[PDB]
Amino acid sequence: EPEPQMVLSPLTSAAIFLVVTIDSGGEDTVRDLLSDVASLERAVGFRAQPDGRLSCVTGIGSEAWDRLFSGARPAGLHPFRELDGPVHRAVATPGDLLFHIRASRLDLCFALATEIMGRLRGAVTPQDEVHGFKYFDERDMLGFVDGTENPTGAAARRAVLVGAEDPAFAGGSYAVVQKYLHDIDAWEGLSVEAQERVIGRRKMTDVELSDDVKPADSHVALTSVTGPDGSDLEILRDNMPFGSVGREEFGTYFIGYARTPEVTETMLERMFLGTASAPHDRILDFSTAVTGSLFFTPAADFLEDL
């Protein structure tokens, strides 16, 4: 069976997200680093075992893939698609490589990010760096519990990992990232009951609103999608708050993994373009996307052997 990267991580309370572009002439430096990234993860993480829980998931974009590798492409790999909705826009922003670094402490994240970027100096240009922290009750910046309905165990493996449908790339996954900034002043002007109608769950107790009260333009309603067979199509999310109080930046860094980007893209279309029953996802009236990128995260074997 092929060994995936640590897409299915334990719960972690710190993350660094690093998105870079590859400069002209930097391909070979990048390739050497890809073949060492797992050993750097162990070097930095081992001595903090077992509670460190350091992992790094490395992703490669569509245009970058063609620069770095020849042969087969993953079937679902394409550039992030801009969505120009009637009201809200999901922008596409440049990104060749993603490093999704997670641990139980920010310092381990930082130490590994330092080693990675030290090897890439002069070959890449940083496009985004976010230092994320979880709130202590798994809450996000809007004050709701964030992650509750993620799949677990076998159902998670089936939702996130490429299998026999693209056998050369089995054990990989597709990651979509978007950095969101929130209008907290507007959000805090809503009553709790109104906020619950935006999200689709109760705020304090995290119980889902019943089908007869949950609005069609709530976040939970629009991101619930069923496949041909009547079964739910699922993604795995690990959204992280971030911010700066002096600049009034209060953010959610969205990351979602799926076996095929189509699932994630369907959810995004429903959110931003709307449906017959819903103009758009009401969460977007308090949340603005400022980045958007899609990456393929190969199996760990693929990175080692190259």
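Heads up: residue numbers just count along the shown sequence, starting at 1.
A.B. asks: Averaging CA B factors per stretch from the PDB record, which one is higher: 154-162 or 180-188?
C.D. replies: Result: 154-162.
A.B. asks: Which has higher Cα B-factors on average according to the PDB entry: 164-172 or 97-105?
C.D. replies: The entry gives the higher C-alpha B-factor average to 164-172.
A.B. asks: Say you rank 110, 135, 144, 80 by Cα B-factor from the PDB entry; which sits at the top?
C.D. replies: 135 has the highest C-alpha B-factor of those listed.
A.B. asks: Name the residue from 218, 226, 148, 127 with the greatest C-alpha temperature factor listed in the entry.
C.D. replies: So the option with the highest C-alpha B-factor is 226.
A.B. asks: Please say which third, lowest, middle or highest, residue 15 falls into when its CA temperature factor is compared across its chain.
C.D. replies: CA B-factor rank for residue 15: middle third.
A.B. asks: Quick one: classify residue 58 as lowest, middle or highest third of the chain based on its Cα B-factor.
C.D. replies: CA B-factor rank for residue 58: lowest third.
A.B. asks: Using the B-factor values recorded in the entry, state whether the Cα atom of residue 48 falls in the lowest, middle or highest third among the modelled residues of its chain.
C.D. replies: Tercile = highest for this residue's CA B-factor.
A.B. asks: Is residue 29 in the lowest, middle or highest third of its chain when residues are ranked by C-alpha B-factor?
C.D. replies: Middle third - that is where residue 29 ends up once the chain's C-alpha B-factors are sorted.
A.B. asks: Looking at the entry's B-factor column for C-alpha atoms only, identify whether residue 253 ranks in the lowest, middle or highest third of its chain.
C.D. replies: For residue 253, the deposited C-alpha B-factor lands in the lowest third.
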